[PDB]
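To begin, one chain is listed below as structure tokens, in the form deposited in one PDB entry.
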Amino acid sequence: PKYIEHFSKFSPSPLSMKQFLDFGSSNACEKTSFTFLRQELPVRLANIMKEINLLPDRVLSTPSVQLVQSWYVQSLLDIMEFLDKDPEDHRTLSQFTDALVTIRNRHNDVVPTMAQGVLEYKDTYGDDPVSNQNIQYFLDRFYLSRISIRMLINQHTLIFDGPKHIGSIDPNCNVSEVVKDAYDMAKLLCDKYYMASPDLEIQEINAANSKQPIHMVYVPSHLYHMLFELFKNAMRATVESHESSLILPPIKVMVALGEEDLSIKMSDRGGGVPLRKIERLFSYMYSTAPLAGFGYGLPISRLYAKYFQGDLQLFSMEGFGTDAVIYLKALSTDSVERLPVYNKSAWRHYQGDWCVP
């Protein structure tokens, strides 16, 4: 596919959070955003479409991958229409926004579509550790790509519609408020289905300014998604491990701001999980087989954290409880898109040194 072949030769250009802010500083930048995105979106679409073809034919020929592939092909064709059009024509700029909304909505069902493909592979070829490693590698990259493409589309369509927040970015995101929002939603669900919910305790440590409420530049909807998913797991674990107790331990959150990290630790006393099992919570193949369908899930939550050079880590004490830490870059200049790229370095990934008794 030569049109895929053309754009796949470029690599995506990852943007900083600071660079996103300067793209939405004014509605005059719409021409600049249009000329940027009409090249960059085909580059990002084509790079991931080329990686999808590295999948073995027995994966490539399943209906769910063909369906998703057909969406990317169409989305790419929609965009490369605008490659010769005139940015000084306000009809070109509005038809471009229209086309971006259509592309976003066309791809809305990708997550359950790919999940259905994982389910099929488990039953048509099995769930061995080597298959699992390839699924992890591919889906982490495919979903991060998808997050980055939605980010670009959201920043354009939200800003140039026709300002404190800048599209999906809040330059003064109050982290503790997003924590409380996510807790409140999870509590609402947990009270409904379990007739009980732990309370919340929040503390902040602003190391450099001990009195200042902690703010940052971030995408608050991503931070909400991660926190909501963590709260859901921590509340269900706390309730189910205390069936015979009257007091529910609270869920505790510490928000810390350092020179480089902004860290959010959540802590439960919900009984914990053995170290040998805990990483299964981030495995796409484990995660496929009440509160089940309310959030994005733990694998995707960690990708949201990684998208701007952060991370999401779990560590548990079996018999006691579990902690989760969201790590975010404290500086907007360090908050840069983490994007997959297709080359031969990725090409060879797709292609017994300890003793046993």
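By rigid core we mean the largest C-alpha set that fits within 1.5 Å across both forms. So that there is no doubt, residue numbering starts at 1 and follows the sequence shown.
Does at least a third of the other compared PDB entries (those resolving both flanking residues) leave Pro274 without coordinates? Modelled in all the others, so no.
At least a third of the other compared entries: do they leave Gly162 without coordinates? Across the other compared entries, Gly162 is absent from at least a third.
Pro290 preceded by how many uncoordinated deposited residues after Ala289: The entry has a long gap there, with 10 or more residues left out between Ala289 and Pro290.
Higher mean Cα B-factor in the deposited model: 317 to 325 or 60 to 68? Higher mean C-alpha B-factor: 60 to 68.
Averaging C-alpha B-factors over each stretch, which comes out higher, 239 to 247 or 253 to 261? According to the entry, 239 to 247 carries the higher average C-alpha B-factor.
Going by the deposited entry, which of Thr32, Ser301, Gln309, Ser332 has the highest CA temperature factor? Largest recorded C-alpha B-factor: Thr32.
When the CA B-factors of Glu120, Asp181, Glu279, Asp127 are compared as recorded in the entry, which is the largest? The listed residue with the largest C-alpha B-factor is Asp127.
Would you mind checking where the Cα B-factor of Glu201 ranks among the modelled residues of its chain, as the lowest, middle or highest third? For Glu201, the deposited C-alpha B-factor lands in the middle third.
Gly293 CA temperature factor, ranked by third within the chain: Its C-alpha B-factor belongs to the highest third of this chain's values.
Should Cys190 be placed in the lowest, middle or highest third of its chain by the C-alpha B factor in the entry? Middle third, going by the recorded CA B-factors of the chain.
B-factor third for the C-alpha atom of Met285 within its chain: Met285: CA B-factor falls in the middle third of its chain.
State the tercile, meaning the lowest, middle or highest third, of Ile153 with respect to the CA B-factors recorded for its chain. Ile153: CA B-factor falls in the middle third of its chain.
Omitted from view is the form deposited in another entry, to which the following refers.
Which one of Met195, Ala207, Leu188, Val130 is the only residue whose C-alpha moves by 2 Å or more between the shown form and the other one, after superposing on the core? By this measure, the answer is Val130.
On a core-based superposition, does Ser70 travel 2 Å or more at its Cα between the shown form and the other one? No; that C-alpha moves by less than 2 Å between the shown form and the other one.
Given a core-based superposition, decide whether the C-alpha of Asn27 shifts by 2 Å or more between the shown form and the other one. Yes, its C-alpha moves 2 Å or more.
In the other entry, whether the C-alpha atoms of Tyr218 and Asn27 sit closer or farther than here (change of 3 Å or more): The answer is farther, because the C-alphas of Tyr218 and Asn27 separate from each other in the other entry by 3 Å or more.
Direction of C-alpha distance change in the other entry, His90 to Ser25 (at least 3 Å): Residues converge in the other entry, at least 3 Å closer.
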